[PDB]
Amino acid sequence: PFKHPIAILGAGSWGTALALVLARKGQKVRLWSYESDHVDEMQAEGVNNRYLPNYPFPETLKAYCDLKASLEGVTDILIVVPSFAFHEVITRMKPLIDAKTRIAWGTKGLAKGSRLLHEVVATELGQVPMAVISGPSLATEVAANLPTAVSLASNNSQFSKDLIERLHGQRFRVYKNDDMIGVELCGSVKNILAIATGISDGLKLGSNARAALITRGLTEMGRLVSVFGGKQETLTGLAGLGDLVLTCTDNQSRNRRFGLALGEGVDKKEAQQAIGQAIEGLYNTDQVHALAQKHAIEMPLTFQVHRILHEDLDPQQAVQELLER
């Protein structure tokens, strides 16, 4: 058992940190990316210099260029591509996977048609074992072997046990959660809230203001969760509160960093280019905002961020309207 290789699709910081966690335990890992130049860098250097420098790949970790090749002999797939590319990657996997394929993901966000990612998986690939991994997990700290805890929700007990067996260790811990819907929804909203708190911090509004915004953030996250059938227990757990407090308060949080630039008057284009990766917060804002309108759900922080990005709303004015009811 646990001899079959595992494929991880997406070589951003988190996909790579997860590949490392597994590869270090001697498990064979195949790391694929649709960015060909990046794969060339990884194959040539044996490290992921553009997203996670200073952490060489162990021997059991190899970068792949060809999706088919990375999945040959693999039954368990862990997807960590950006939310905007999830549907496209699933579509590409459709004729490559087989009957016993099991699908997990660490991607956070919604897909076209305002759908939770598991629905995209189900529609395209049929009813298969599925799992979502999510919690407070800065990729650099995981890479550095600092203590970390995440939640894992699945529709299949054996798959959940198997994933936990692969990942769960002394310093990287994975706890079962039976609420996939709630884990997905909390994960799709937390980056949006971190942009908002980043904006507040950029405006130098203070620690008190940030704490208030975080509290209001969890309230709207909670509303979204309840409307779709998630559990309030998820809200106060690692996938909700945990990931939210980390992402809204840490200097290593890129979504917060982006918000902070906006708060300091940097335009969104220049702000993203300066950061250099994928600010999921931008994509998540649009995804969640559309879902909230489709279902007429009140989500004030999310709505203000969306106005800031698409209607030239002044950051100062935006935050002021939020704190002052």
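Numbers follow the displayed sequence, beginning with 1.
Asks: Looking at the deposited entry, does 93-101 or 208-216 carry the larger mean Cα B-factor?
Replies: Averaged over C-alpha atoms, the B-factors run higher in 93-101.
Asks: Take the C-alpha B-factors listed in the entry for 237-245 and for 112-120, compute each mean, and give the stretch with the larger one.
Replies: Taking the mean C-alpha B-factor of 237-245 and of 112-120, the larger value falls to 112-120.
Asks: Split into thirds by Cα B-factor across the chain's modelled residues, where does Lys190 land: lowest, middle or highest?
Replies: Lowest third, going by the recorded CA B-factors of the chain.
Asks: Based on the deposited C-alpha B factors for this chain, I'd like to know if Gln287 is in the lowest, middle or highest third.
Replies: Middle third.
Asks: Lowest, middle or highest third: which one holds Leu163 when the chain's residues are ordered by CA B-factor from the entry?
Replies: Its C-alpha B-factor belongs to the middle third of this chain's values.
Asks: Among the chain's modelled residues, which third holds the C-alpha B-factor of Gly126?
Replies: As the PDB entry reports it, the C-alpha B-factor of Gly126 lands in the highest third of its chain.
Asks: Looking at the entry's B-factor column for C-alpha atoms only, identify whether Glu141 ranks in the lowest, middle or highest third of its chain.
Replies: Lowest third, going by the recorded CA B-factors of the chain.
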